[PDB]
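Which chain is which? The protein sequence lines are A and B, in order.
According to UniProt numbering, the first sequence holds residues 5 to 220, 236 to 332 in order.
According to UniProt numbering, the second sequence holds residues 6 to 314, 326 to 332 in order.
Beta carbons are placed, not taken as given, at the ideal position from N, Cα and C, and that holds for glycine.
Here's the structure, in structure tokens; my notes come after.
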Amino acid sequence: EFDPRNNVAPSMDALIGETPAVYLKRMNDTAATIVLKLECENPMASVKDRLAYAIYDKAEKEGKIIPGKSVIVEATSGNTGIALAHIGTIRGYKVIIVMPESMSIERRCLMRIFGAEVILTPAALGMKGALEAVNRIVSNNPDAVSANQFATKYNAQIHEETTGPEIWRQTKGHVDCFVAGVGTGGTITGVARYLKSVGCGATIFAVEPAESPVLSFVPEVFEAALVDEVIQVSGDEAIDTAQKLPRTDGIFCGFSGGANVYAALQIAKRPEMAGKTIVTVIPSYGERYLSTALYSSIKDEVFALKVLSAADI
Amino acid sequence: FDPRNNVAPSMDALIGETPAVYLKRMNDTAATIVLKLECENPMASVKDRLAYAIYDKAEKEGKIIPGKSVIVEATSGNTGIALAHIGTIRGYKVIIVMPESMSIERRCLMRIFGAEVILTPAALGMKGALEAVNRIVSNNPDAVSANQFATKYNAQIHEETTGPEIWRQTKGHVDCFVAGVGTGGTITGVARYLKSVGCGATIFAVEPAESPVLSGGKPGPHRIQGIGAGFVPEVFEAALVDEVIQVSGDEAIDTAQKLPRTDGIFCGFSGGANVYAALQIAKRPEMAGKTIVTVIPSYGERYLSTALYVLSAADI
Ligand SMILES: *Cc1c(COP(=O)(O)O)cnc(C)c1O
Ligand SMILES: *Cc1c(COP(=O)(O)O)cnc(C)c1O
Ligand SMILES: CC(=O)OC[C@H](N)C(=O)O
Ligand SMILES: OC[C@H]1O[C@H](O)[C@H](O)[C@@H]1O
């Protein structure tokens, strides 16, 4: 509705989306143009802000939830939980996040910082244990709702309505290729739906881990008919790319950003892609992953640094 | 350019023009409180602007030469991160000097952006880091100190960008501006801009009750990372400031812990201090119906491993 550069936003959820895009510069040694959609710039530092926004906005417009009455419940340890907790507290909903006790204490802490009730389930039960706990909570409290049921309904839709149109505007209607990893499938499905709807013939590439190539579970949100090709990227390739992006381009992202950019660079090296514009997504900001395997090699390096003697000063 | 409608040339082109948000649930006063969200900069702090200014203005003055100059600073704080970030983008070597006792996470972040990290013995404190910087600049003809506490570029960037942004966002309704003083660049530059447009806003500096040097007190250790350097920075212009508000560590922390739940604001210690101060000012009868602007300097995620959830100058 408003330019955030020129106005005061009514609340933090009003600053979700309309994220910037940037050219890949130093790392792009190819003949193609690579455009990064910076979902890492959302208020809670990931693409999942848009999904959480959709859930609260659309469910309330359909009368499925009421602030101060409905309780939003989800099994997650990821950015979706953070974003649900964030928007929930702003809008005055109780939020219950269920996750195994074996997940990172940092992720646990982030949910609690936004006042979510965090229900921890035994490590020995895994994600199944968290899903079972959610089922019990939702079934037994008439005012509890499952976020996942709304996420499934609204996920691709929000990307068709926001992410896609933004990309189209930012590139001035120039997209030859779109590359994105599949988590929930929302981003790739909603963007590809949008691009099809505006008559854009862009080729659509899904990215998945070589170590878990299930697209090659399949989320209900994901629409395989919109995808032209699957690129598999190894953990090592994703990590190497994410470790280099800060130095080459000042881009600080997670594992998925590394995978997406690696995939884009592989596509860009194809002769037929010369001079084409390839768009991909940086899903999340890197700082959330500082304690993970993504940056552990750098952590080991700085841990071992020598200290100057007083005599060398 | 409008970022909503164009592709940026580089990440340093997305610095500044940050959003602003009303403080709503936490604000029980008769004043309007506007938060300038410096936490939304690309490297998640106000220091992106200072780093941008240093590289942009130093190059325009010929004080750095691309592919020759090496940028040096003694810092484990946001200034070092931002210097390393813009340095690597522009192709400058960056050397960050810090006491060995500063956070390993901050050390790691400098190195992620390709800065060289020099560690100084903790028994020498910040003096030891400053001495190492002086040795680098004296002995290395190509080395240039960022000089964050004294450089003219600091207040200048805030006079040119942060101030005009606040003026535009509030549509010329700024009755009060409240900001914690680290380098003093933000408050000085914003106050300079507001003065230049004939705005009679009252200007409030915030400092730790534990280290109230702007108030004429003694330096001391405190938890409010980003502010309270333990001396009066050269950048800071006391003549522009109407009052200094002291905030305790406990008050700053309490506020920063509540802001995420009340208003979805996820910030560090200094954002808590600023908001606490703004709310204290806002209770004054003369502030009824007035617009008070303060700053959220940095995003909260950088503080997850800290106490939030002297060495003070090194945390800037
Ligand atoms: C959500 C997410 C993705 C995938 O986006 P989808 O819309 O779920 O397909 C991958 N990376 C990160 C870090 C994200 O949070
Ligand atoms: C730099 C810093 C400030 C203070 O800003 P100055 O312009 O240096 O006075 C406050 N808090 C944080 C987190 C900082 O990094
Ligand atoms: C990877 C991420 O942060 O998101 C994944 C998803 N939000 C989950 O519940 O795991
Ligand atoms: O890039 C600046 C950081 O704070 C902002 O909120 C972004 O989401 C990101 O995590």
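- Annotated as distal: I162/A and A261/A, with beta-carbon spacing of 7 angstroms or more.
- Look at the beta carbons and you see the segment 95 to 106 of chain B touching the segment 137 to 154 of chain B: at least three pairs across the two are nearer than 8 angstroms.
- For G133/A, the enclosing alpha helix (DSSP H) has its first and last residue at 130 to 144.
- Neighbourhood of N10/B in chain A, by CB distance below 7 angstroms: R173, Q174, in chain order.
- Taking 8 angstroms as the upper bound for CB-CB distance, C113/A and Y304/A are not in contact here, some 16 angstroms apart.
- Chain order gives the chain A residues near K29/B as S15, where near means a beta carbon separation below 7 angstroms.
- Here the C-alpha atom of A184/A lies approximately 52 angstroms from the C-alpha atom of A243/B.
- For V179/B, no Cβ of chain A is located within less than 7 angstroms of the residue's own Cβ.
- Closest option to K325/A, judged by alpha-carbon separation, among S106/B, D247/B, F274/B, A13/B: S106/B.
- Contact annotation: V249/A and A210/A have beta-carbon atoms nearer than 7 angstroms.
- When CB distances to chain B are screened at a threshold of 9 angstroms, not a single residue of the segment 57 to 75 of chain A falls below it.
- Its Cα nearest to that of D7/B, the residue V26/A stands out among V26/A, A13/A, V12/A.
- Counting C-beta pairs closer than 8 angstroms gives three or more between the segment 74 to 94 of chain B and the segment 41 to 55 of chain B, which meets the contact rule.
- In this structure the segment 173 to 181 of chain B does not lie against the segment 142 to 152 of chain B, because fewer than three pairs of beta carbons, one per stretch, are closer than 8 angstroms.
- Cβ contact annotation for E110/A (same chain, cutoff 8 angstroms, sequence separation greater than five): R307, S310, in chain order.
- For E170/B, the closest alpha carbon among the candidates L42/B, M31/B, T156/B is that of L42/B.
- Of all residues in the segment 196 to 220 of chain A, none has a C-beta nearer than 8 angstroms to a C-beta of chain B.
- Close to ligand 4, as judged by a C-beta nearer than 7 angstroms to any of its heavy atoms, are the residues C44/A, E45/A, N46/A, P47/A, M48/A, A49/A, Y304/A, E306/A, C44/B, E45/B, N46/B, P47/B, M48/B, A49/B, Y304/B, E306/B, in chain order.
- By the Cβ neighbour-count rule, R228/B is buried, with 16 or more other Cβ atoms within 10 Å of its own.
- Contact residues of the segment 157 to 170 of chain B toward chain A are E170 (C-beta to C-beta distance below 9 angstroms).
- The beta-carbon separation of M16/B and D268/A, rounded to 7 angstroms, stays under the 8 angstroms limit for a contact.
- Considering only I297/B, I270/B, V202/B, the residue with the shortest C-alpha distance to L19/A is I270/B.
- Each of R289/A, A127/A, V12/A, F154/A was checked against the Cα of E66/A, and the nearest Cα belongs to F154/A.
- Secondary structure of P290/B (DSSP, three-state): helix.
- In terms of beta-carbon proximity, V326/A lines the interface with chain B, with at least one pair separated by less than 7 angstroms.
- At least one heavy atom of ligand 3 sits closer than 6 angstroms to the Cβ of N83/A.
- In the DSSP assignment, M103/A is bridged to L124/A.
- Contact annotation for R266/A against chain B: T93, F118, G119 [CB-CB distance below 7 angstroms, chain order].
- With a cut-off of 6 angstroms, the C-beta of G177/B is classified as distant from ligand 1, since no heavy atom of the ligand falls inside that distance.
- The alpha carbon of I232/B has as its nearest neighbour, out of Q285/B, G190/B, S108/B, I208/B, the alpha carbon of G190/B.
- Judged by beta-carbon spacing, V240/A lies beyond the 7 angstroms limit of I208/A, meaning their Cβ atoms are not closer than that value.
- Of the heavy atoms belonging to ligand 3, none sits nearer than 6 angstroms to the Cβ of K41/B.
- With respect to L313/A, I258/A sits close: the two C-beta atoms are nearer than 7 angstroms.
- Taking a Cβ-Cβ threshold of 9 angstroms, none of the residues of chain B is close to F274/A; the smallest such distance is about 14 angstroms.
- Think of a sphere of 9 angstroms around the beta carbon of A25/A: the chain B residues whose beta carbon falls inside it are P8, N11, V12, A13, in chain order.
- At a beta-carbon threshold of 7 angstroms, the residues of chain B lying near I270/A are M16, ordered along the chain.
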